[PDB]
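The structure appears right after this line, and notes come after that.
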Amino acid sequence: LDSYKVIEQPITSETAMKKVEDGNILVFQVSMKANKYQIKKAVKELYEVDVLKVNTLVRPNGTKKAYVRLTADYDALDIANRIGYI
Amino acid sequence: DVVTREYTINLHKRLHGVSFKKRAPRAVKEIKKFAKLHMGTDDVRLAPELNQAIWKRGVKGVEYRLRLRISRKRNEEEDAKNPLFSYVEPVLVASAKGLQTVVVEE
Amino acid sequence: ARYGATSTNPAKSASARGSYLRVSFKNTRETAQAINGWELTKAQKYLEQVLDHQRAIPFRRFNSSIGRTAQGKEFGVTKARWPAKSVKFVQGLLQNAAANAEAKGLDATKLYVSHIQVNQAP
Amino acid sequence: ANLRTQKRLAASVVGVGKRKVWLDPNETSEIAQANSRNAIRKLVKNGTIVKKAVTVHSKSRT
Amino acid sequence: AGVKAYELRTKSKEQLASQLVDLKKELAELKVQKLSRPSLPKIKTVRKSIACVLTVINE
RNA sequence: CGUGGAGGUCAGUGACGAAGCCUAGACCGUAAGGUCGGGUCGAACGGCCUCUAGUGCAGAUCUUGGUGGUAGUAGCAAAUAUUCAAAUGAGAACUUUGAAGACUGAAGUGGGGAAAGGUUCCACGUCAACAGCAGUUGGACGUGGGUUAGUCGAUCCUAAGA
């Protein structure tokens, strides 16, 4: 499980694209084996940010979704712009 | 022919013998029948304030006489009634007893 | 194509058909045999009068234990009814046939229904 | 149109049951577009939706 | 469209790994791109490239 | 007398139409059966000497499939009950809004859960079938969205028991 297996995709539904705007929260899809330590680590190392907390949930389709909140010194809009999707 | 008259419908004798559950749902049809006989039309619409005065006292509490006011009018586009209809409305009176039938001026 | 037995001239004619309809076979056979042989405008007037209970349809073969009426005298029966669904289907197919005849360029004032037939779907 | 959803959300925002909300009948095509609690909070604010006061149960006879 | 085995059969034991991480980064960004693009044929090439490298590494 | 297959012959019939099927049209035989004509149809099939057998049906409250009369017949009668106008729509007794009339009556036709179910939750569109009349409605049909815990549960402990 490298940090390229851990973080699988970003989630781009227009309900999720509002948390990045108001709540300052990046929504990700991670692997069914990662935990709230590895998710924090992988995000921090890939985008050089300050993670405040991570919440997770195993969806009915089968995969696992992460809610990663950032600190008041960063901007999820700009980080998602760098990743490309907005 | 546009025209407007006032009427007193004796509603006691048209409901005599009807089941209690169906007295107020039947004064409705009796009034439509009345208006069709008099104004000779086929489309009859009742103002929703005549519904209130028919149902004022429940299903089995219709009045004995009703003072009405009927108007024959011209119908609008997408009509199949060639081209008239009646609009029935209630009038306000102390009693509904002792009144003949008159013609309203406009 | 391949209609039932129709002895007539196929140049002065028009056709119309409908298959797999959710109607009653027994009721539709009577409202077909009722207008079988009439003129077009007369038949359409008749079917318009039936929908207002001004005239009836003589039930002549599928008629067990239905009730008698006074509108069966015009035809010579006592049993008669008013199948609305069947009358509507038949008076749609009739309008289709009339439009087809107009397309072929036939004279609408001379049109009589010369063949009409119903049978059972699966 | 179909204002079932708007009735439900309006009743949930005001704080009453579905039997105590009044959706104006002349402005149907404005409520047809209100599909968020924010839009409904605007409509209740201006007046297109009202609260329909409570039926009395007096105790004078008691 | 991809790597060649007789090419890879001489490269050093470190350029191989750096190639692996480059191809995996490429796939990672390609998933985010395909999150909007209709259909992309570079995926079937990059997967088989990763695999053709890992084979020689194992050998 | 007729049926499926096998050996021999008729240098047999055939896309210019083999077999099959329809035919109050015809000829032969006491009969079982055989041969012609016309319609449809589309690729194989007969006569004679012999060999062989899973070899011929009206019945078995026979087996499988299909179809009738009854018959538009019996029937669609529990839970007091609906009415007016507008809107949408091809189309409204049954959808949506407003107005009136009633009901459950806090041991509720209200607000939550355990087990069980498994997407039935929500939005958009839509009516071939289904919801025992209807339907523009729907837990139906098609396409997407949705479940966030140091403090609530499991996880830990032991009971009858294994």
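No value in this document is a laboratory result; all are computed from the given coordinates. Neighbour counts are summed over all protein chains in view; Cβ atoms, including those assigned to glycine, are modelled from backbone coordinates with ideal geometry.
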Set of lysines near E:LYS48 by C-alpha distance (under 21 Å), chain-local residues within fewer than 8 positions excluded: A:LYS5, E:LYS4, E:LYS11, E:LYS13, E:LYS24, E:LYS25, E:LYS31, E:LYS34
Bin width 5 Å, alpha-carbon pairs only: give the P(r) of the range C:32-122 as whole percents, running from 0 to the bin holding the largest distance. 3, 12, 22, 23, 19, 12, 6, 3, 1, 0
Quick one: what are the phi-derived ³J(HN,Hα) couplings along the range D:46-62, Karplus 6.51/-1.76/1.60 with θ = phi - 60°, whole Hz, x for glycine and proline? 7, x, 5, 9, 10, 9, 6, 3, 7, 5, 6, 9, 7, 10, 5, 5, 5
5 angstrom amide H check on A:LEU52, placed H, neighbours 5+ away: A:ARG69, A:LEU70, A:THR71
A correct Karplus calculation of ³J(HN,Hα) over the range A:20-26, with 6.51 cos²θ - 1.76 cosθ + 1.60, θ = phi - 60°, whole Hz and x for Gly and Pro, returns 4, 7, 7, x, 6, 9, 8
Report D for chain E in µm² per second (integer): Stokes-Einstein, Kirkwood Rh on Cα pairs, 20 °C, 1.002 mPa s. 176 µm²/s
Chain E: relative contact order as a whole-number percent, Cα under 8 Å and 6+ apart: 61 percent
For the table B:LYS29/B:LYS56; C:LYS26/C:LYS88; B:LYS21/D:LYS7; A:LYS19/A:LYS53; C:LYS73/C:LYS110, the rows whose alpha-carbon distance is greater than 25 Å are B:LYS21/D:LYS7; C:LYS73/C:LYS110
For the protein assembly as shown, projected area of the alpha-carbon convex hull averaged over all directions, nm²: 47.8 nm²
Rounded to the nearest 5, what is the percent of antiparallel bridges among the DSSP beta bridges in the protein assembly as shown? 95 percent
Across the alpha-carbon set of chain B, Rg over Rh with Rh taken as the Kirkwood radius works out to 0.98
If each part is reduced to its alpha-carbon centroid, the range B:75-99 and the range C:27-56 end up apart, in Å, by 36 Å
Rounded to whole Hz, the Karplus (6.51, -1.76, 1.60) HN-Hα couplings of the range E:13-27, x for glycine and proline: 6, 10, 4, 4, 5, 5, 4, 4, 5, 5, 5, 6, 4, 4, 4
Which residues qualify? For C:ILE57, with a placed amide H closer than 5 Å and at least 5 residues away or on another chain, they are C:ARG81
Taking Cα centroids, how far is the range A:15-38 from the range E:1-58 in Å? 27 Å
What number, in percent, do you get for the relative contact order of chain C if the mean sequence gap of Cα pairs under 8 Å and at least 6 apart is divided by its residue count? 40 percent
For the range C:41-122, run through the GluC sites (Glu not before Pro) and keep only the ones in DSSP coil with at most 15 other Cβ atoms within 10 Å of their Cβ. C:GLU74
Which semi-axis lengths, in whole Å and largest first, follow from the square roots of five times the eigenvalues of the Cα gyration tensor of chain A? 18, 15, 12
